[PDB]
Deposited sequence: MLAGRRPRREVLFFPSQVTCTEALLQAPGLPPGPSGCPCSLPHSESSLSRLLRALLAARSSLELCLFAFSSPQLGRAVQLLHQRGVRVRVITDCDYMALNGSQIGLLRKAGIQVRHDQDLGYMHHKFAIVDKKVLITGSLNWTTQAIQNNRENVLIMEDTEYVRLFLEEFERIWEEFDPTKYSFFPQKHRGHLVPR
């Protein structure tokens, strides 16, 4: 019955194994960090991931989301800016549906929903700058009411930003 909080800045740790680097000799610590814990939380997804993020430029988090899409996880992404090789651009090129705001600041959430059961939500924008340098919190909660209410909010915004 998961209820955790990750505080940032993250310790810089190796994530090559975790992110299936193609093909450890590197010089980083090979222990867990706030980033590695966030990556693992995302990578435990077996069926769906909703992402509702003001900003998303972290290549480590971008890669994890790609890996999920490749695994057949149903990935849906809402961001504030259209970004138009950013991460949103790379995700979009891989076939992941991304919908978006007016890049005016209005879509300011920073949350993700894993398999309609775990809520990941924080102050943290998903950028290497913020991860490595800012004081931030991210909550990881397996809570049915919070998941339900955040899912409902997602689906309203999703339908609202429908292109067609």
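**Q** Take the full deposited sequence, match it to the modelled residues, and report the stretches without C-alphas.
**A** Unmodelled stretches: 1 to 6, 30 to 36, 98 to 100, 181 to 196.
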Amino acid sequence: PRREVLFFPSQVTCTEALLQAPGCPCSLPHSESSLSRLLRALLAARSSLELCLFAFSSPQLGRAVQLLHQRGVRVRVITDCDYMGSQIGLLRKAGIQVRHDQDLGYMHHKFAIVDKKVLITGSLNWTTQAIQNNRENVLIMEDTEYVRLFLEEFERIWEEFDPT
From here on, numbers count along this sequence of modelled residues.
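**Q** If you take the mean CA temperature factor per stretch, which one wins between 24 to 32 and 104 to 112?
**A** Looking at the recorded C-alpha B-factors, 24 to 32 comes out higher on average.
**Q** Could you check which stretch, 88 to 96 or 73 to 81, carries the larger mean CA temperature factor in the entry?
**A** According to the entry, 88 to 96 carries the higher average C-alpha B-factor.
**Q** From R135, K117, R46, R40, pick the one with the largest CA B-factor in the entry?
**A** Answer for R135, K117, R46, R40: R46, with the highest C-alpha B-factor.
**Q** Among the chain's modelled residues, which third holds the C-alpha B-factor of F8?
**A** Bottom third by C-alpha B-factor.
**Q** Using the temperature factors of the C-alpha atoms in this entry, rank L151 within its chain: lowest, middle or highest third.
**A** Ranked within chain, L151 CA B lands in the lowest tercile.
**Q** Hey, what third does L18 fall into on Cα B-factor, ranked over its chain?
**A** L18: CA B-factor falls in the highest third of its chain.
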